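K.L.:
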Amino acid sequence: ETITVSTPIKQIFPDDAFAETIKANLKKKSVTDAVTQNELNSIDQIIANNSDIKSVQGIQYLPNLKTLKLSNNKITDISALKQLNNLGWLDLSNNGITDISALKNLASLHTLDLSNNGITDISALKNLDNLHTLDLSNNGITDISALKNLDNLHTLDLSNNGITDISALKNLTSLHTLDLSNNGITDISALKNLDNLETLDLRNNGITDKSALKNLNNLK
Numbered sequence: 001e002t003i004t005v006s007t008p009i010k011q012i013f014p015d016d017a018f019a020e021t022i023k024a025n026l027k028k029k030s031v032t033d034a035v036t037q038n039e040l041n042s043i044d045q046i047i048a049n050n051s052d053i054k055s056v057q058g059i060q061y062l063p064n065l066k067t068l069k070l071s072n073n074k075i076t077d078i079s080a081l082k083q084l085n086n087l088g089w090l091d092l093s094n095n096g097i098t099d100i101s102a103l104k105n106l107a108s109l110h111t112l113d114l115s116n117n118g119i120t121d122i123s124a125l126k127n128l129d130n131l132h133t134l135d136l137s138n139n140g141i142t143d144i145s146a147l148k149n150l151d152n153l154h155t156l157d158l159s160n161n162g163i164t165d166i167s168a169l170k171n172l173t174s175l176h177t178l179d180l181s182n183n184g185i186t187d188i189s190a191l192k193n194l195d196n197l198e199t200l201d202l203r204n205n206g207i208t209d210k211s212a213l214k215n216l217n218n219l220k
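Letter 175 of the sequence shown, counting from 1, is numbered 175 in PDB author numbering, and no numbers are missing.
1. For the region 141-219, which segments carrying the alpha helix (DSSP H) assignment without a break, of at least 4 residues, lie completely within its bounds, in sequence order?
2. Between which two residues does the alpha helix (DSSP H) harbouring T21 extend?
3. I want to check one thing, is the minimum distance from the CB of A19 to the heavy atoms of the ligand NAD below 7 Å?
4. To the nearest angstrom, how far is it from the Cα of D187 to the Cα of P14?
5. Please state whether the Cβ-Cβ distance between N73 and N95 is less than 8 Å.
6. Would the region 117-126 count as touching the region 144-151 if we require 3 or more Cβ pairs under 8 Å?
7. If you follow the beta strand (DSSP E) that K69 is in, where does it begin and where does it stop?
8. Roughly how many whole angstroms lie between the Cα atoms of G140 and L92?
9. DSSP on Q11, reduced to helix/strand/coil?
10. I think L175 touches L202, with their Cβ atoms under 8 Å apart; what is that distance to the nearest whole Å?
11. Within 10 angstroms of the Cβ of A107, are there 16 or more other Cβ atoms? Answer buried if so, exposed if not.
12. Given that a residue counts as buried once 16 or more other Cβ atoms are within 10 Å of its Cβ, and exposed if not, what is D157?
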């Protein structure tokens, strides 16, 4: 995905606010100034939180993008992230995201914050082997079996969902920080073998048997 003609920023990036961000990243004078693919290749980091962004259309032309933080905007469609192979840190928290299949092949992702969206299906996360830090709180997640081979996870927040079954966590032995609060969990035997947990929150579930926590030594 490249542009081949020098093109106004506002034409590539139609969202008012997102175009301003690109303009500022490239130190251009106006969103109507023309930019080249070469210039777009230079962009490796975009931070535009709290900015009323409605669309990231145009972002597909930023192949070297590594860090993208877009917390608290109005983003609903992220399909244009699909081929950004070099993304490492993605924060899309507080948006209106539902479908995340666009994340499916982002093999370099290591830090992902998707909290406070409308996500239900997370099977697109299943092959993101480099994830160590994942925040999925305040969504509508019920099935978490996509997490089961993400064994580089060390920090996981699954609070405020509709999760009932957590056997998917049983072999995530590198977990040290886990938030499971405000779900529908009843059985935590899956946590038995997470010997490196220091911080755990299980409040507001339907758990009665807590003997699995007795032998977790590094807990606070």
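By construction, the Cβ of each residue, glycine as well, lies at the ideal position given by its N, Cα and C atoms.
P.N.:
Looking at the atomic coordinates:
1. none
2. Element bounds for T21: 16-25.
3. As for the ligand NAD, it is missing from this structure, which has no ligand bound.
4. 48 Å
5. yes
6. yes
7. 67-69
8. 16 Å
9. helix
10. No, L175 and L202 are not in contact; Cβ-Cβ is about 14 Å, not under 8 Å.
11. exposed
12. buried
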